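Asks: Input: one structure, supplied below.
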Amino acid sequence: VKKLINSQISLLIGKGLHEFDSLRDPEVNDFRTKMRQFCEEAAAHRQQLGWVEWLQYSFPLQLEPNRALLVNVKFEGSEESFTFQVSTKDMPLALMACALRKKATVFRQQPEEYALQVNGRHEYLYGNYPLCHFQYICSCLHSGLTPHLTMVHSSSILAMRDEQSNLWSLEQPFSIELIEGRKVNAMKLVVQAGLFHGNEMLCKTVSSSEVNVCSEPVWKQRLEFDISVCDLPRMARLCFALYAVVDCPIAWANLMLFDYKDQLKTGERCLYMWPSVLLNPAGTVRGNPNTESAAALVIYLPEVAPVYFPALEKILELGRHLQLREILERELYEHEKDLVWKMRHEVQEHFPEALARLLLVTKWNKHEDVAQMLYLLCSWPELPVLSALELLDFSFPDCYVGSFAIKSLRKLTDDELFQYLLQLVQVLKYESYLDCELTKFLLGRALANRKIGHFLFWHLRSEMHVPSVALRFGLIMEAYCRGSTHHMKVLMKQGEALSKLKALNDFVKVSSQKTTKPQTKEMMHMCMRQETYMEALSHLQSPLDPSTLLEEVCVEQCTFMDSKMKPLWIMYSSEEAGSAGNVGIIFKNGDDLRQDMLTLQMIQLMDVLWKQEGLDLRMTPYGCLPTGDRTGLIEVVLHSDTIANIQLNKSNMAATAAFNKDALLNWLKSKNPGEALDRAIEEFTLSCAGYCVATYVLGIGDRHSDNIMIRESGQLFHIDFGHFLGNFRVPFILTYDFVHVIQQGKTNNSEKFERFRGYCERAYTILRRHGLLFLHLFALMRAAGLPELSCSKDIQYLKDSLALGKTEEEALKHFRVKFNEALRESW
Ligand SMILES: CC(=O)Nc1nc(C)c(-c2cc(C)c3c(c2)CN([C@@H](C)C2CC2)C3=O)s1
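Residues 109 to 173, 187 to 230, 235 to 291, 316 to 335, 339 to 398, 415 to 445, 452 to 479, 482 to 497, 509 to 517, 522 to 919, 929 to 1027 in the entry's author numbering are what the sequence shown lists, from first letter to last.
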């Protein structure tokens, strides 16, 4: 059983646990033992949670960022149910009271003993919130559906819990010996070397002498750096770059000068290098695992003796010892930097949220100054979440700064954590050591919230094919599995389904090139009807949303789309869920989805920020999740079609039109007869404004009818981008056919069109006020290595699009010019 769990973890993470042992790495060994203990302690705490607390762990509340409605309620094991009329302002407890009173009269004879389950879902309604604060209830109101809920007793919840159990003296200049290499190229070879603290250099870079490409090259020369050994900061990074010249990049490699035990490193080191696109300080500090083919560089760190980095007590001991200040404190010159450092005590006392700027002006290549910074840091007041997100960036590489950022981030709600989880996982790629505060923070939150654990796992699992993170991410996942053996098995079931979908999709790719679609579709179904497929594809939690249950696969309704990669369309049904159980997922394999996944998350964030200000633009933040190498799932939006399909203006249809411009409007009329047409045009108008502003801010062009879809409700959404941040300055885009629907099919309708302009302006001004949040998240995403999110010019695009330099009046003026130009562009 102990053996079995190891084999199950190995299969789940895609890497045998035996491979960790074979490295013979003390840091790996210590990480595994320490974090296993940490995660098993979390498990012990979880298994003794009270039933309400377990609900909060397993089914965390999905809330939104008077009026009457019908609700159907039943009891766990019963066919019979009661339809109640309640108010939107009523609490769950009031609803549960009604249910128990009805049961008492039917059975002929305590609300606090119950929770309301959403039928056929792992989602619950509970707590002191009015019904309309829950996302499920709001979803039902907007779609006009009846909520269906099930009374679940505390003893049933506890049964779920139970079944799911488990130094300063060294003044000489820092130097190294470059011994030799082992490589392939066409010229002479040169090794550039630099000391870095994050992005900034600790001193000038030093080059090696030119040697012929011959060999297996040899140098055996000392490289001496312009910085004392006592002045090396704790997180000092020695970076190398091999290239050829008569420029031709070949390889690079980094390492930390101190090890994970705070000891200065000696002596000889073999650096297995990574291939280049000269210095790359943000690159990983672990060697290339492919030692067969990787070019190596052997070096010698001199035995200066055993020296450790000074402890915090010694650090603090050493350290213990105006209008224009404000005018610059909202890139700065030499005298301005000195002003800030001079008045660093005043920054702590009066301007604590300017810590970042203070950290950027401190001299990290002088230990007394670094010291002087850390004493202020250790009594620095906790900062808001927004400030802490900036501090996670690689520009702030110091470990005490990192620890301070995490300390300020502990007040993140689970909802905020979920929202920023993609970025936080990517920040792990900047980390220097395995055991770190970010990893412990994420694991802790993941074990305290099953939904966070679900998405943490998949973000990590989806990058196990990347050699530079496979070890780190594999270890984190192993640790998590030690924390929840039950959830490990739940995730294995998802993995087994995805394995079958990959095999099925490979068949479809081959088959689609050899026969007709009806024939490929029929053989797809025959493959799915195999017992191994029916079993593997049925009865699992959706990777897109663990609260969504994918029960019985509806083979007859499964198909594939015509796009190059032939993405699979998989439909499900659930008797217990009813119509809400009718859900679809798309499996797509062969394309890099990461950039589009980022775009969708950012649109999702925009939607939350708008709703927080009482602006609902009726967006469609459909689920999207990377699951493996160029593989991911997409949540199907049902009852929708492409603008292209509708604009074909097919005959013998309700949408058929006298002019092509009326095709969209006629389609909406057919789906929304009578008085319902007005709401659909509004839903269309609102969503159009949302996506117009979203694509403008994110710099998304290439917008055509094949990549835009419309729901029968009228809601417009996008299914391909991407292509963002001006990576084909993209203008604001207004399409004539959409303007036509907004104007109710009329040629002149300023009333409706200017309302639409108002929505766009309100949406735009709200995003400007959270401009810094976007900049900080995108900064952290530079860790991901996306082709179109590589440098400062990509970040600069957002500053320009949100006009953060300008005042609100100037920015709004500037936005109105872009809107008007887009209006003129429309025919
Ligand atoms: C009725 C109907 O077809 N409803 C639909 N709803 C959705 C949500 C559809 C959809 C389909 C596909 C093939 C994709 C997307 C969305 C988004 N997207 C990428 C940009 C993301 C993976 C990164 C796709 O590849 S199709």
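Yeah, the Cβ is synthetic: ideal placement off N, Cα and C, and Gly gets one too.
Which residue or residues does DSSP assign as beta-bridge partners of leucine 221?
Replies: Beta-bridge pairing links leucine 221 to no other residue.
Asks: DSSP three-state label for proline 134, please.
Replies: DSSP places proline 134 in helix when its eight states are reduced to three.
Asks: Thinking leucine 394 and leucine 341 are a contact (beta carbons under 8 angstroms), I'd like their distance in whole angstroms, please.
Replies: Sure, about 7 angstroms apart at Cβ, within 8 angstroms.
Asks: So what does DSSP say about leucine 816, is it helix, strand or coil?
Replies: Here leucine 816 sits in strand by DSSP.
Asks: Report yes if the C-beta distance between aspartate 893 and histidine 914 is below 7 angstroms; otherwise report no.
Replies: Taking 7 angstroms as the Cβ cut-off, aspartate 893 and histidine 914 qualify as a contacting pair.
Asks: Hey, is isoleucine 777 close to ligand 2, as in C-beta under 6 angstroms from one of its heavy atoms?
Replies: This structure lacks ligand 2; the ligands present are ligand 1.
Asks: Would you please state the rounded distance, in angstroms, between the beta carbons of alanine 396 and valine 370? I believe it to be under 8 angstroms.
Replies: Their Cβ separation, rounded to whole angstroms, is 16 angstroms, which puts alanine 396 and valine 370 out of contact at 8 angstroms.
Asks: Rounded to a whole number of angstroms, what is the C-alpha to C-alpha distance between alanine 661 and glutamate 654?
Replies: Cα-Cα distance, rounded: 7 angstroms.
Asks: Between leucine 731 and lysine 684, how many whole angstroms is the CB-CB distance? I'm expecting something under 8 angstroms.
Replies: With 8 angstroms as the limit, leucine 731 and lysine 684 qualify as a contact, their Cβ atoms being about 5 angstroms apart.
Asks: Between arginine 809 and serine 878, how many whole angstroms is the CB-CB distance? I'm expecting something under 8 angstroms.
Replies: That pair is a contact at about 5 angstroms.
Asks: Take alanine 456 and list the residues in its own chain whose beta-carbon comes closer than 6 angstroms to its own, dropping the five residues that flank it on each side.
Replies: Excluding residues within five positions, the ones whose Cβ falls inside 6 angstroms are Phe585.
Asks: Indicate the three-state DSSP secondary structure (helix, strand or coil) for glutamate 362 in the structure shown.
Replies: Looking at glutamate 362 - three-state DSSP - the assignment turns out to be coil, as it is neither helix nor strand.
Asks: Let me check you understand the geometry: is the CB of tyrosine 813 closer than 6 angstroms to at least one non-hydrogen atom of ligand 1?
Replies: Yes.
Asks: By how many angstroms is the C-alpha of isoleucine 891 removed from the C-alpha of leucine 120?
Replies: Taking the straight line joining both Cα atoms gives about 36 angstroms.
Asks: Quick one: is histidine 650 buried, meaning 16 or more other Cβ sit within 10 Å of its Cβ, or exposed?
Replies: Classification of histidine 650: buried, given that the 10 Å Cβ count is 16 or more.
Asks: Measuring only the C-alpha atoms, how far is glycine 122 from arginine 652?
Replies: Each residue's Cα considered, the two are about 8 angstroms apart.
Asks: Taking 8 angstroms as the threshold, find out whether the stretch 848–859 comes into contact with the stretch 963–978 through three or more Cβ pairs.
Replies: Counting Cβ pairs under 8 angstroms, fewer than three are found: no touch.
Asks: Taking 7 angstroms as the cut-off, decide whether the C-beta atoms of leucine 319 and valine 381 are in contact.
Replies: Contact flag set, yes.
Asks: Quick check: the stretch 705–714 against the stretch 727–743, are at least 3 beta-carbon pairs closer than 8 angstroms?
Replies: The stretch 727–743 is not in contact with the stretch 705–714.
Asks: Just to confirm the assignment, what range does the beta strand (DSSP E) spanning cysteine 672 have?
Replies: That residue, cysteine 672, is in no beta strand (DSSP E); its alpha helix (DSSP H) goes 658–674.
Asks: Assign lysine 712 to one of three DSSP states: helix, strand, or coil.
Replies: Residue state, collapsed to three classes: helix.
Asks: With distances taken from CA atoms, which of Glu540, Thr553, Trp555, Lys557 is nearest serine 570?
Replies: If we check each option's Cα against that of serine 570, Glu540 comes out closest.
Asks: When you compare only the Cα positions, how much space is there between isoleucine 794 and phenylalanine 974?
Replies: About 11 angstroms.
Asks: For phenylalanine 850, count neighbouring C-beta atoms within 10 Å of its own C-beta (all shown protein chains included) and say buried if the count is 16 or more, exposed if not.
Replies: Result: exposed.
Asks: Does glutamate 493 come out as helix, strand or coil in the three-state DSSP assignment?
Replies: The answer is helix: DSSP assigns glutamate 493 an H, G or I state.
Asks: Closest by CA to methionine 788, which one among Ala871, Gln614, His678?
Replies: Of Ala871, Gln614, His678, the residue nearest in Cα terms is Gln614.
Asks: Kindly examine ligand 1 and report whether one of its heavy atoms sits closer than 6 angstroms to the Cβ of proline 758.
Replies: At least one heavy atom of ligand 1 is nearer than 6 angstroms to the Cβ of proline 758, so yes.
Asks: Rounded to whole angstroms, what's the CA-CA distance from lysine 528 to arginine 548? Just pull it up for me.
Replies: For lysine 528 and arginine 548, the distance between alpha carbons rounds to 9 angstroms.
Asks: Go to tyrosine 474, then tell me how far its beta strand (DSSP E) extends in each direction, as first and last residue.
Replies: Looking at the DSSP string, the run of the beta strand (DSSP E) that includes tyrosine 474 is 470–475.
Asks: Under 6 angstroms: does the beta carbon of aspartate 753 sit that close to some heavy atom of ligand 1?
Replies: The answer is no for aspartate 753.
Asks: In the DSSP assignment, the beta strand (DSSP E) including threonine 833 goes from what residue to what residue?
Replies: From DSSP, the beta strand (DSSP E) with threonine 833 extends over 831–833.
Asks: Assuming the contact rule is C-beta atoms closer than 8 angstroms, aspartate 605 and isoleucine 643 should be a hit. Round their C-beta distance to whole Å, please.
Replies: That pair is a contact at about 6 angstroms.
Asks: Report buried or exposed for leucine 546, applying the criterion of at least 16 other Cβ atoms within 10 angstroms of its Cβ.
Replies: Buried, because 16 or more other Cβ atoms sit within 10 Å of the Cβ of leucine 546.
Asks: Can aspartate 626 be considered in contact with ligand 1, in the sense that its beta carbon sits closer than 6 angstroms to one or more heavy atoms?
Replies: Answer for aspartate 626: no, Cβ out of range of ligand 1.
Asks: Identify which residue in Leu565, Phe932, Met387, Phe953 has its Cα closest to the Cα of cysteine 627.
Replies: Taking only the C-alpha atoms, the option nearest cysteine 627 is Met387.
Asks: Any heavy atom of ligand 1 inside 6 angstroms of the beta-carbon of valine 828?
Replies: Yes - ligand 1 has a heavy atom lying nearer than 6 angstroms to the Cβ of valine 828.
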